[PDB]
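This document starts with one chain, in the form deposited in one PDB entry, laid out as structure tokens.
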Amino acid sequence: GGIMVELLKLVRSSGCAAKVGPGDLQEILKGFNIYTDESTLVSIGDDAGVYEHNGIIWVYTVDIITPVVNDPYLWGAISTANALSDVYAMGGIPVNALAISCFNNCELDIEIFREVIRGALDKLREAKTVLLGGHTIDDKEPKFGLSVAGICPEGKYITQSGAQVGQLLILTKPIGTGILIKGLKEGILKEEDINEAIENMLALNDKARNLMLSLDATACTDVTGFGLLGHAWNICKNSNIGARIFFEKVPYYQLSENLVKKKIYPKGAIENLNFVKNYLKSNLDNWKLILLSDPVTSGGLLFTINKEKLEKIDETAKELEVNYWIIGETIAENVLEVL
């Protein structure tokens, strides 16, 4: 029956963000004896590795994802913004990159591949980051991403571990994209219906980085694959504190709520939920906890600041053209309290 290209149908049904598990990940790595040196400032555990050389603080990160929209050009641009996000999350400036392309020449074709690259290039141009090469491998399930090298000007870098009790938790982009992507995959939604989320996914976190630094944030991370709760916990766990988050204060797309209540969501949201339930204190309905756990693609920065900094926050945000939402505060008890 039934009276363009569909990339999503080439991804294994009912996904997440294709990642392979939360915290337990960086925990495996911890059990190994890794060669490191005097230049290694931050190794495994944060949004990016930090390495000093010739007096310069470089940051390095890599991220690859499966299709999140059916338009190849937009997938390329969004994946690029996603990879660059971790540089911004460290307070760094992207400098150069390499592309990692997994695609099957007969399950698609050069034309589609060229559109993904074009989207990536245009976003790198906007981020003034130079693509220096890459690698392409035959893969039935298409994936695209980048390894990125950046610099932290004047040697200042923001990790996930300096947060203090009594600080405000600030978020710069809404959550709920994973739900929308599941909606597109099932053919219930089209790109036009989620133009606002697409715009947020395409947006570079460079303006949020500036805002973040301007407010002298103590800790910072970006919200991606492990959901808002999982990424908030990384700050908590690394700073040895807790967080109280108010569901009512969290920005999300109305459509994400309508779909999630109809049990339409990526299986990844459930896995993220299950991982944090070991430190979660909440009596909210599950549709709320699934929404808060939902994998986010190219999400905003999540950081901590002092109330006192709220003085010129909206002014700063304005001139910078970046939104922000106060979603909660850090607490002494090492738990995640969602009210």
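Note that the rigid core is defined as the largest set of C-alphas that superpose within 1.5 Å between two forms. Residue numbers run from 1 along the displayed sequence.
The same protein also has a form deposited in another entry, omitted here; what follows describes it.
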Residue among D139, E257, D122, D71 with C-alpha shift of 2 Å or more between the shown form and the other one, core superposed = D139
When you overlay the rigid core, is the Cα of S39 off by 2 Å or more between the shown form and the other one?
-> yes
Checked in the other form: CA of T36 to CA of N82 differs by 3 Å or more, atoms lying farther
Inter-Cα distance between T61 and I137 in the other form, nearer or further [3 Å or more] = closer
